[PDB]
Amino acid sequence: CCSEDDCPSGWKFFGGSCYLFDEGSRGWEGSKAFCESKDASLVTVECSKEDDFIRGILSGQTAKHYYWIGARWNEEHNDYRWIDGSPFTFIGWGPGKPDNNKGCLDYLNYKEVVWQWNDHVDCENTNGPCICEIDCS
């Protein structure tokens, strides 16, 4: 658990985590490496307050309609879970999701999905911004 103290310049504090809402243009796999290069991870969302926090930030802008997060299809377990291997606790799928395409998760704002989780089939060459997290664990 971080304090506000531990958030590097330009990172937002919430719920004992530091978040970077990065506006670059990367694939999911490129976003994963980018977060690592900042000694961080693509964000993992363990509870509804963290989901509400994220939606608050993403609803503050309209340039972008998806941000990559630290979840994808796991071949070992044949399910969607976090990139650290942790199964989902909080479930954030938007209406009608997932599409079950064995892909990578973002927060999506498109038609009936109103800043909620979606799975995209292309984890390499679909470019977007991302959310990194430092949770000091």
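Numbering starts at 1 and runs along the sequence shown.
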property: Mean C-alpha temperature factor, higher of 99 to 107 and 75 to 83; result: 75 to 83
property: Which of 126 to 134 and 3 to 11 has higher mean CA B factor, as the PDB entry lists it; result: 3 to 11
property: Chain third (lowest, middle, highest) by recorded CA B-factor, residue given as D39; result: highest
property: Chain-wide C-alpha B factor ranking for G30, given as lowest, middle or highest third; result: middle
property: Record-listed C-alpha B factor of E112: chain third; result: highest
property: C47 CA temperature factor, ranked by third within the chain; result: middle
property: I57 - which third its CA temperature factor falls in, relative to the rest of the chain; result: middle
